[PDB]
């Protein structure tokens, strides 16, 4: 049961506007890993906006954590919306907190919302800290930390550390896991928008699961 007044209010307000009809397909979409209230993003953003109508920064981790502990998935989605409002106060001291969010209530919807934006931004400012986390994540056999290691650079474009990217991919290319094979294909395809020749050379000369290779070269294969 949440103790922070803001979370209490959000819980009451979301619950007051739940839609059981929508809840069922939303839950099915996430392979029924989570309960849903049945509130999609536009309404969920409006309901969050109602409650803002913003707690001191000292509270933001407590608020996020309490929301993460609530059963229905919309509360974790709201928590990420809230974390965005504290963007300027998030720094390298918060990486362990982000780790906790990644490995708790884990699924692609939360992890993909955490990793390329919040972790991506942190490691851009603190690239000398990557070696303290990325190898650990690779060795963890937690697929969501592994996906984090792959996707934190997803939006980097010209800022991509190519050698690092390819090393990470090499470490994880033999994973049987769909979410890892797919993340590899995704990040390669995305980076190929920036540096297509380098991605082509990588996939032509380094082993990848067929899913990963196909997804990587989806848009550039017609150029070679």
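The term rigid core refers to the most C-alpha atoms you can superpose between the two forms while keeping them within 1.5 Å. Positions refer to the first chain, counted from 1.
Between 4-12 and 214-222, greater CA displacement relative to the shown form is found for 214-222 when the structures in 9 other deposited structures of this protein are fitted on the core. Coordinates are given for every residue of the deposited sequence from residue 158 through residue 159, so that no gap is recorded there.
A summary of the deposited B-factors shows that, of 174-182 and 26-34, the stretch with the larger mean C-alpha value is 26-34. A summary of the deposited B-factors shows that, of 13-21 and 199-207, the stretch with the larger mean C-alpha value is 13-21. Of the residues listed, 123, 75, 144, 86, the entry assigns the biggest Cα temperature factor to 86. Residue 187 sits in the lowest third of its chain by CA B factor, as recorded in the PDB entry. Sort the modelled residues of the chain by CA B factor and residue 51 lands in the highest third.
Ranked within its chain, residue 169 lands in the lowest third, by CA B factor from the PDB record. Per the PDB record, residue ranking by Cα B-factor puts residue 193 in the lowest third of the chain. Among all modelled residues in its chain, residue 139 ranks in the highest third by Cα B-factor.
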